[PDB]
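Worksheet for the structure shown next.
Order of listing sets the numbers, starting from 1, for every ligand and every atom in it. The figures that follow rest on heavy atoms only: side chains count, while hydrogens, waters and symmetry mates do not. Below, chains carry the letters A, B, ... as their sequence lines are ordered, and counting in each starts from 1.
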Amino acid sequence: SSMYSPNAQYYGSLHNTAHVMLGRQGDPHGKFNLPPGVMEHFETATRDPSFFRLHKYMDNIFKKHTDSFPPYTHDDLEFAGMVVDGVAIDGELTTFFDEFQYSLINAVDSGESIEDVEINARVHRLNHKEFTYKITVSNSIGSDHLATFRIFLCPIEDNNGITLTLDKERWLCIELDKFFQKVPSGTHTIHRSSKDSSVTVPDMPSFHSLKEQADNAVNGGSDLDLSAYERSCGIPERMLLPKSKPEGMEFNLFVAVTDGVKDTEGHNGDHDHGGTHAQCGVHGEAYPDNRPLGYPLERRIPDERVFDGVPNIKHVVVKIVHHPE
Amino acid sequence: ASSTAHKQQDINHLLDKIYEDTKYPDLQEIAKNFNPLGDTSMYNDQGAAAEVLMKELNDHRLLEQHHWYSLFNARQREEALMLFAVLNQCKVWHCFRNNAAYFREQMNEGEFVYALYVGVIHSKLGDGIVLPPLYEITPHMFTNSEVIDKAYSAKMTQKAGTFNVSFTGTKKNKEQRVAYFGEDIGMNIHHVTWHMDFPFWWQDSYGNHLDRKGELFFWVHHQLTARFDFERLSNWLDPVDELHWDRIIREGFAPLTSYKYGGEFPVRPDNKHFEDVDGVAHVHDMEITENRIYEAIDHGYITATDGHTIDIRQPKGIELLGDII
Ligand SMILES: [Cu+2]
Ligand SMILES: [Cu+2]
Ligand SMILES: [O]
Ligand SMILES: [O]
């Protein structure tokens, strides 16, 4: 729970206490002088497999609430006069592992009056090749209109080879992008690069790089456009796509185009929302999208006919291939 | 007649050799000839309580003499409180004495002793009387079976004697190290007298309110618990654990004590799980009750029968919790 809780005396702090409960299971009675578990730091918690069992448990609590609302109707979902004619991607969807280095110098003891030496860790990390979405829309209103583009990747089959219904897919879908763009009258193709995702941020610049850039500016006088780096909150760009398999896997790419005027009311459409607003919001500003998080996949969809009848929603099959070493 | 000397002597005689018909001719004569309903002007309720008890007696609905009695047995308690209610309505001592003598010879001795003690304590007519110690009135409830057996042997052989009491169990039982606390005859008198002074069955219609009773209930038992733990600390033992309905009761108990009528007190094995008790409650009922009490505590209010809230975020809250717990 957070300090926004209306009643912590009654509702307690389920999630934060659970982190400690799990983290301490190696020494639950303090007999062994063991330090806190990996679950007791946000730096480390996702290293523990139990992180995801705990958070699925918590996720299902939220899901009982979100499932309690009536399914969306045609009128709920329709962006009148906006149809998605096609969805395609420029570039193959390819994942691989590459190598990344970071410095261990801060971990080791130095001094006094003894020189340092370069000490690095090299890790293998998931990555993917660049691609660009091609989303063809037709705006059959006689005016340009702001639209929200909501992009999700959804499984088609489970690990047993069983084809999933839309209701069984929706809670498994992962957010790939969300952006606001003016759609002029007529039929037009919207292009969106994978690198520009509002879900992701680039790899952090190294400490050594930050020192070099700051030192070069201070010792001299140079206004470096530091307004370049994203934020550190956001799924790493390299992890935008799931690993998939060497033999390839097919997924549903789900695109919902919604009324940007209504979605952004109170926060403007032309305004800059930063590079990570989908899950990390906008630093020092209100959250720019009024819709429920997960829209339009966050309510039950018992009747797939409802979604199929909405011209501003479309999904297509895409293939992701893993390229092993 | 109602002087302190006579009232004290009357109480002494009524409690003398409690398992046999009275040996005092004056009490014999009263029990034979007194009619609790003969003159209902002696009662502040014009005989209502005496009518209730006489009807139960005449219909043969009362517990027989020479039978175990437990204050926690609902029907046996109700029968004892029927006699208390009569004594409590007596305006003058001769009513109190005569009803006590009459019902001594009709009612179960355990019920009678209980009713007479709380009748003396809670009637103005009992002011100035000193109640004999229960360990000399019903010694079986304060004395182990081995010593009672030696007393029976002394009586069978018509020989006086004084017999040394030892503790139960063996030195192999570390709990025996603190037996001097819970087996002390005065500590047991403290405990039963507190409950006689502050009975859970008290209703203010009996005459007066028992101020802060629910908070005193918390406090006297908190002090018993804390004092016992101090004896454990004194004897190289850890503090007691708390019981829980879903966890084993680690420490069993062999009382090695007996009722005068009803047999030996039962033993409880080490390391047993709670079982449902027929005619009392399911273990699950205890857990639900516990949950409801904690709901009130964590809400900050007790829920009334009609659903309205009773605030306990105030100094009387602990007392109201004592009332409901
Ligand atoms: Cu968490
Ligand atoms: Cu008690
Ligand atoms: O977390
Ligand atoms: O978290």
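With sequence neighbours left out, the side-chain contact (heavy atoms from CB on, under 4.5 Å) criterion links B:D306 to B:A304, B:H308. For the salt bridge (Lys or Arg N to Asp or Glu O under 4.0 Å) test, no residue two or more places apart in sequence or in another chain qualifies with A:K129. Residues satisfying the side chain to side chain donor-acceptor pair (under 3.5 Å) criterion with A:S1, sequence neighbours excluded, are A:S13.
Only protein atoms were considered; those of element N, O or S under 2.8 Å from the Cu ion (ligand 1) number 3.
When A:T95, A:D98, A:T94 are each tested for a side-chain hydrogen bond (donor to acceptor under 3.5 Å, both in side chains) with A:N127, only one passes: A:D98.
No side-chain donor from either of B:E295 and B:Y301 sits under 3.5 Å from a side-chain acceptor of the other.
Between A:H315 and A:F254, the angle of the ring planes stays under 30°, which puts this pair in the parallel group of the 30/60° scheme.
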